[PDB]
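Encoded as structure tokens, the structure appears first; notes follow it.
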Amino acid sequence: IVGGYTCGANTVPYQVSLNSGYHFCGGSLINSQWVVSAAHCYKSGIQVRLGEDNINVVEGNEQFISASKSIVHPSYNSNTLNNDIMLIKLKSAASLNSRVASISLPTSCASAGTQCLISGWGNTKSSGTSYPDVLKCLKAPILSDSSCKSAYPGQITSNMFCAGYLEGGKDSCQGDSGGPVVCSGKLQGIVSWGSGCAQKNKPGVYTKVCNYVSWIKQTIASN
Ligand SMILES: O=C(O)c1ccccn1
Ligand SMILES: O=C(O)c1ccccn1
Ligand SMILES: [Ca+2]
Ligand SMILES: [V+3]
């Protein structure tokens with residue numbers, strides 16, 4: 001997250017870190033057994049880490065639980081990142097508490113201009129690299145679909161939206177992939193892709209979770 005702030009320990013209690021020997025992507029806890037992340041975060045051997053603030057220090061509220069199964073969206077396209085969503089099942093249910101909590105799925109899509117909270121452990125530099133070990137947060141509005149498509153012609157589908165600031169300075173970045181975009185208490189986005197970080201006229205692009213709620217519900221009920 002570039003241009004954000006230190007969230008505070010466990011202030012985003014649905015935020016997960018996906019670990020394969022190291023943090024590589026975020027995700028969002030949607031019930032005690034299931035996490036939503038980006039399909040472009042798929043790999044075998046995922047451990048889900050819940051209750052994290054500093055990802056390099058055991059602070060006492062963590063739960064580390066191996067994934068039993070991953071389900072990439074059936075229409076995921078790794079070239080275009082269309083349908084950039086995946087479900088991860090925990091081998092054992094998480095113990096839900098104030099620091100390890102689920103986020104609700106949308107009942108409807110969010111409007112342009114709605115303010116959202118984006119979070120992650122990604123790079124905090126727009127020019128260079130520095131990784132925070134504690135969770136970063138960013139308040140950012142959903143941008144109009146027209147501003148989004150203007151920035152990325154022929155690359156935006158109905159399954160994507162842009163959020164952030166066209167003037168630059170504030171954005172998601174490397175290591176934020178898969179993490180949450182929460183708006184009005186609902187998981188509306190997944191950190192998906194962009195061009196650079198926090199550059200002018202190159203906002204972040206996010207998977208439009210509201211399009212996938214039926215798929216999520218049906219998939220988790222059958223797995
Ligand atoms: O460089 C990355 O890994 C990146 C950038 C933007 C969004 C997600 N990931
Ligand atoms: O392509 C990306 O954005 C990416 C891939 C792997 C881990 C984090 N991000
Ligand atoms: Ca920790
Ligand atoms: V990434």
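Following the order of the structure tokens, first chain is A, next is B, and so on, with residues numbered from 1 inside each chain and ligands from 1 in the order they appear.
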
Which residues of chain A come within 12 Å of ligand 4, and what is each one's closest atom pair and distance in Å (one decimal), counting only C-alpha atoms and all ligand atoms, sorted by chain and residue number, as CSV?
residue,atom,partner,partner_atom_place_in_ligand_line,distance
A:1,CA,ligand 4,1 (V),10.9
A:23,CA,ligand 4,1 (V),11.3
A:24,CA,ligand 4,1 (V),8.1
A:25,CA,ligand 4,1 (V),6.9
A:26,CA,ligand 4,1 (V),9.1
A:27,CA,ligand 4,1 (V),11.7
A:37,CA,ligand 4,1 (V),11.3
A:38,CA,ligand 4,1 (V),9.2
A:39,CA,ligand 4,1 (V),10.9
A:40,CA,ligand 4,1 (V),8.1
A:41,CA,ligand 4,1 (V),7.8
A:42,CA,ligand 4,1 (V),11.5
A:81,CA,ligand 4,1 (V),11.7
A:84,CA,ligand 4,1 (V),11.7
A:120,CA,ligand 4,1 (V),10.5
A:121,CA,ligand 4,1 (V),10.6
A:122,CA,ligand 4,1 (V),8.1
A:123,CA,ligand 4,1 (V),9.7
A:172,CA,ligand 4,1 (V),8.7
A:173,CA,ligand 4,1 (V),6.5
A:174,CA,ligand 4,1 (V),4.5
A:175,CA,ligand 4,1 (V),5.0
A:176,CA,ligand 4,1 (V),5.7
A:177,CA,ligand 4,1 (V),3.9
A:178,CA,ligand 4,1 (V),7.4
A:179,CA,ligand 4,1 (V),9.5
A:190,CA,ligand 4,1 (V),10.9
A:191,CA,ligand 4,1 (V),7.7
A:192,CA,ligand 4,1 (V),7.0
A:193,CA,ligand 4,1 (V),6.7
A:194,CA,ligand 4,1 (V),9.0
A:195,CA,ligand 4,1 (V),10.8
A:196,CA,ligand 4,1 (V),10.6
A:197,CA,ligand 4,1 (V),10.7
A:204,CA,ligand 4,1 (V),11.0
A:205,CA,ligand 4,1 (V),11.2
A:206,CA,ligand 4,1 (V),11.3

Next item on the list: For residue 45 in chain A, work out the shell of residues within 12 Å, counting only C-alpha atoms and skipping chain neighbours fewer than 4 positions away, then give it as a list in words.
Entry: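 With the cut-off at 12 Å, the set is residues 18, 19, 20, 21, 22, 24, 41, 65, 66, 67, 68, 69, 70, 88, 90 and 91 of chain A.
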
Print the selection's residues with N, CA, C and O atoms to a file, as a PDB file, in the first residue's frame.
ATOM      1  N   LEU A  18      -1.471 -14.900   2.992  1.00  0.00           N
ATOM      2  CA  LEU A  18      -1.215 -16.197   2.413  1.00  0.00           C
ATOM      3  C   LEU A  18       0.282 -16.422   2.407  1.00  0.00           C
ATOM      4  O   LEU A  18       1.040 -15.562   1.910  1.00  0.00           O
ATOM      5  N   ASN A  19       0.713 -17.561   2.965  1.00  0.00           N
ATOM      6  CA  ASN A  19       2.141 -17.817   3.214  1.00  0.00           C
ATOM      7  C   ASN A  19       2.530 -19.136   2.580  1.00  0.00           C
ATOM      8  O   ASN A  19       1.876 -20.162   2.772  1.00  0.00           O
ATOM      9  N   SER A  20       3.628 -19.110   1.808  1.00  0.00           N
ATOM     10  CA  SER A  20       4.192 -20.342   1.239  1.00  0.00           C
ATOM     11  C   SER A  20       5.683 -20.419   1.587  1.00  0.00           C
ATOM     12  O   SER A  20       6.523 -20.689   0.721  1.00  0.00           O
ATOM     13  N   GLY A  21       5.979 -20.182   2.867  1.00  0.00           N
ATOM     14  CA  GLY A  21       7.332 -19.959   3.334  1.00  0.00           C
ATOM     15  C   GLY A  21       7.674 -18.503   3.560  1.00  0.00           C
ATOM     16  O   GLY A  21       8.727 -18.204   4.107  1.00  0.00           O
ATOM     17  N   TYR A  22       6.775 -17.645   3.117  1.00  0.00           N
ATOM     18  CA  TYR A  22       6.900 -16.186   3.086  1.00  0.00           C
ATOM     19  C   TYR A  22       5.511 -15.674   2.716  1.00  0.00           C
ATOM     20  O   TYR A  22       4.752 -16.362   2.050  1.00  0.00           O
ATOM     21  N   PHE A  24       2.989 -13.892   0.466  1.00  0.00           N
ATOM     22  CA  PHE A  24       2.977 -13.614  -0.985  1.00  0.00           C
ATOM     23  C   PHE A  24       1.703 -12.942  -1.489  1.00  0.00           C
ATOM     24  O   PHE A  24       1.703 -12.412  -2.595  1.00  0.00           O
ATOM     25  N   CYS A  41      -3.136 -15.296  -7.341  1.00  0.00           N
ATOM     26  CA  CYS A  41      -2.409 -15.746  -6.165  1.00  0.00           C
ATOM     27  C   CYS A  41      -2.378 -17.279  -6.028  1.00  0.00           C
ATOM     28  O   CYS A  41      -1.805 -17.775  -5.057  1.00  0.00           O
ATOM     29  N   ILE A  65      -3.103 -21.864   9.576  1.00  0.00           N
ATOM     30  CA  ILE A  65      -3.911 -23.042   9.217  1.00  0.00           C
ATOM     31  C   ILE A  65      -3.633 -23.359   7.758  1.00  0.00           C
ATOM     32  O   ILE A  65      -3.791 -22.491   6.871  1.00  0.00           O
ATOM     33  N   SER A  66      -3.210 -24.588   7.463  1.00  0.00           N
ATOM     34  CA  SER A  66      -2.984 -24.979   6.085  1.00  0.00           C
ATOM     35  C   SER A  66      -4.282 -24.976   5.281  1.00  0.00           C
ATOM     36  O   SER A  66      -5.349 -25.352   5.801  1.00  0.00           O
ATOM     37  N   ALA A  67      -4.174 -24.634   3.996  1.00  0.00           N
ATOM     38  CA  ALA A  67      -5.301 -24.818   3.087  1.00  0.00           C
ATOM     39  C   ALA A  67      -5.466 -26.288   2.735  1.00  0.00           C
ATOM     40  O   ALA A  67      -4.481 -27.012   2.513  1.00  0.00           O
ATOM     41  N   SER A  68      -6.703 -26.764   2.685  1.00  0.00           N
ATOM     42  CA  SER A  68      -6.988 -28.107   2.189  1.00  0.00           C
ATOM     43  C   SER A  68      -7.274 -28.159   0.666  1.00  0.00           C
ATOM     44  O   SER A  68      -7.063 -29.159   0.034  1.00  0.00           O
ATOM     45  N   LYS A  69      -7.825 -27.055   0.146  1.00  0.00           N
ATOM     46  CA  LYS A  69      -8.240 -26.998  -1.244  1.00  0.00           C
ATOM     47  C   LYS A  69      -8.272 -25.553  -1.677  1.00  0.00           C
ATOM     48  O   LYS A  69      -8.517 -24.661  -0.875  1.00  0.00           O
ATOM     49  N   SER A  70      -8.011 -25.355  -2.964  1.00  0.00           N
ATOM     50  CA  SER A  70      -8.141 -24.039  -3.584  1.00  0.00           C
ATOM     51  C   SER A  70      -9.053 -24.264  -4.806  1.00  0.00           C
ATOM     52  O   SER A  70      -8.966 -25.289  -5.501  1.00  0.00           O
ATOM     53  N   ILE A  88     -10.304 -20.432  -0.981  1.00  0.00           N
ATOM     54  CA  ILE A  88      -9.361 -21.279  -0.294  1.00  0.00           C
ATOM     55  C   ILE A  88     -10.072 -21.829   0.946  1.00  0.00           C
ATOM     56  O   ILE A  88     -10.576 -21.068   1.757  1.00  0.00           O
ATOM     57  N   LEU A  90      -9.884 -23.817   4.532  1.00  0.00           N
ATOM     58  CA  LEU A  90      -8.995 -24.091   5.666  1.00  0.00           C
ATOM     59  C   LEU A  90      -9.140 -25.557   6.059  1.00  0.00           C
ATOM     60  O   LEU A  90     -10.240 -26.064   6.175  1.00  0.00           O
ATOM     61  N   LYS A  91      -8.029 -26.227   6.350  1.00  0.00           N
ATOM     62  CA  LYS A  91      -8.080 -27.650   6.718  1.00  0.00           C
ATOM     63  C   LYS A  91      -8.817 -27.864   8.032  1.00  0.00           C
ATOM     64  O   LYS A  91      -9.400 -28.940   8.248  1.00  0.00           O
TER      65      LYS A  91
END

Next item on the list: Please provide as number ranges by chain all residues within 6 Å of range 33-36 of chain A, with the sequence filter that same-chain residues fewer than 3 positions apart are discarded (counting only C-alpha atoms).
Entry: A: 27-30, 86-90, 93

Next item on the list: Check the smallest atom-to-atom distance from each of A:147, A:104, A:98, A:83 to residue 160 in chain A using only C-alpha atoms, then report the winner.
Entry: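 For residue 160 in chain A, the nearest of the given residues is A:83.
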
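Residues of range 86-161 of chain A that DSSP places in helix (DSSP H, G or I), based on the backbone of this structure, are residues 145, 146, 147, 148, 149, 150 and 151 of chain A.
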
Take the selection from the previous step and output its residues with N, CA and C atoms, as a short mmCIF file (atom, residue, chain, number, x, y, z; two decimals), in the first residue's frame.
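Output (out23.cif):
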data_model
loop_
_atom_site.label_atom_id
_atom_site.label_comp_id
_atom_site.auth_asym_id
_atom_site.auth_seq_id
_atom_site.Cartn_x
_atom_site.Cartn_y
_atom_site.Cartn_z
N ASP A 145 -16.53 3.97 -13.93
CA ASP A 145 -16.09 2.98 -14.92
C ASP A 145 -15.48 3.69 -16.12
N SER A 146 -15.95 4.88 -16.48
CA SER A 146 -15.40 5.61 -17.60
C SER A 146 -13.94 6.07 -17.34
N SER A 147 -13.64 6.54 -16.12
CA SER A 147 -12.24 6.88 -15.83
C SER A 147 -11.37 5.64 -15.84
N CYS A 148 -11.92 4.52 -15.38
CA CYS A 148 -11.19 3.27 -15.33
C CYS A 148 -10.84 2.79 -16.76
N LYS A 149 -11.84 2.72 -17.63
CA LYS A 149 -11.66 2.26 -18.99
C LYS A 149 -10.79 3.20 -19.81
N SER A 150 -10.87 4.50 -19.53
CA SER A 150 -10.01 5.43 -20.21
C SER A 150 -8.55 5.17 -19.93
N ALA A 151 -8.27 4.82 -18.68
CA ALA A 151 -6.88 4.48 -18.30
C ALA A 151 -6.36 3.18 -18.93
#

Margin query: Given only C-alpha atoms as the basis, pick out the residue of A:80, A:142, A:135, A:32 nearest to residue 184 in chain A.
Written below: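 Among the listed residues, the smallest separation from residue 184 in chain A belongs to A:142.
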
Margin query: Show me which residues are within 7 Å of ligand 3 counting only C-alpha atoms and all ligand atoms, and format the list as a count of residues only.
Written below: 9

Next item on the list: Output as a PyMOL selection string all residues of range 33-105 of chain A that backbone DSSP marks as strand (DSSP E).
Entry: chain A and resi 34-37+47-50+63-72+86-90

Print the selection's residues with C-alpha atoms to a file, as a PDB file, in the first residue's frame.
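The new file part.pdb reads:
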ATOM      1  CA  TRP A  34     -13.136 -20.136   3.780  1.00  0.00           C
ATOM      2  CA  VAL A  35     -10.986 -17.338   2.396  1.00  0.00           C
ATOM      3  CA  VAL A  36     -11.456 -15.301  -0.794  1.00  0.00           C
ATOM      4  CA  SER A  37      -8.358 -14.143  -2.688  1.00  0.00           C
ATOM      5  CA  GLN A  47      -0.847 -21.654   4.704  1.00  0.00           C
ATOM      6  CA  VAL A  48      -3.459 -19.111   5.734  1.00  0.00           C
ATOM      7  CA  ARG A  49      -2.331 -16.729   8.491  1.00  0.00           C
ATOM      8  CA  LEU A  50      -5.112 -15.068  10.465  1.00  0.00           C
ATOM      9  CA  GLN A  63      -3.781 -18.625  13.746  1.00  0.00           C
ATOM     10  CA  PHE A  64      -1.772 -20.506  11.091  1.00  0.00           C
ATOM     11  CA  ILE A  65      -3.911 -23.042   9.217  1.00  0.00           C
ATOM     12  CA  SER A  66      -2.984 -24.979   6.085  1.00  0.00           C
ATOM     13  CA  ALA A  67      -5.301 -24.818   3.087  1.00  0.00           C
ATOM     14  CA  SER A  68      -6.988 -28.107   2.189  1.00  0.00           C
ATOM     15  CA  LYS A  69      -8.240 -26.998  -1.244  1.00  0.00           C
ATOM     16  CA  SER A  70      -8.141 -24.039  -3.584  1.00  0.00           C
ATOM     17  CA  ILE A  71     -10.811 -23.304  -6.235  1.00  0.00           C
ATOM     18  CA  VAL A  72      -9.931 -20.833  -8.998  1.00  0.00           C
ATOM     19  CA  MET A  86     -10.319 -17.864  -5.938  1.00  0.00           C
ATOM     20  CA  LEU A  87     -11.640 -19.609  -2.834  1.00  0.00           C
ATOM     21  CA  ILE A  88      -9.361 -21.279  -0.294  1.00  0.00           C
ATOM     22  CA  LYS A  89     -10.672 -23.801   2.249  1.00  0.00           C
ATOM     23  CA  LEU A  90      -8.995 -24.091   5.666  1.00  0.00           C
TER      24      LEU A  90
END

Check: Which of these, A:214, A:199, A:223, A:31, has the shortest distance to residue 100 in chain A once you count only C-alpha atoms?
Finding: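 Checking each candidate against residue 100 in chain A, we get A:31 as the closest.
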
Next item on the list: Would you mind reading off the distance between CA of residue 125 in chain A and CA of residue 15 in chain A, one decimal, in Å?
Entry: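 Going from CA of residue 125 in chain A over to CA of residue 15 in chain A covers 21.1 Å.
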
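The residue that comes closest to ligand 2, out of A:74, A:61, A:189, A:79 and on the basis of only C-alpha atoms and all ligand atoms, is A:79.
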
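Across A:2, A:140, A:85, A:216, the tightest approach to residue 73 in chain A is made by A:85 when counting only C-alpha atoms.
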
Margin query: Taking only C-alpha atoms and all ligand atoms into account, name the residue in A:96, A:111, A:170, A:6 that is nearest to ligand 1.
Written below: A:170

Notebook entry, point to check: Could you pull the residues within 7 Å of residue 182 in chain A, counting only C-alpha atoms, minus those fewer than 4 positions along the same chain, as a list in words?
Noted result: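 Using only C-alpha atoms, the neighbours found are residues 116, 117, 118, 186, 187, 188 and 189 of chain A.
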
Could you take the residues named above and write them with C-alpha atoms, as a PDB file, in the first residue's frame?
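Writing the result to result.pdb gives the following:
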ATOM      1  CA  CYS A 116     -13.615   1.841   0.669  1.00  0.00           C
ATOM      2  CA  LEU A 117     -10.827   0.475   2.885  1.00  0.00           C
ATOM      3  CA  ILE A 118      -7.961  -1.301   1.078  1.00  0.00           C
ATOM      4  CA  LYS A 186     -19.096  -5.538   2.481  1.00  0.00           C
ATOM      5  CA  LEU A 187     -16.241  -7.143   0.574  1.00  0.00           C
ATOM      6  CA  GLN A 188     -16.646  -5.401  -2.792  1.00  0.00           C
ATOM      7  CA  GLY A 189     -13.178  -5.844  -4.245  1.00  0.00           C
TER       8      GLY A 189
END
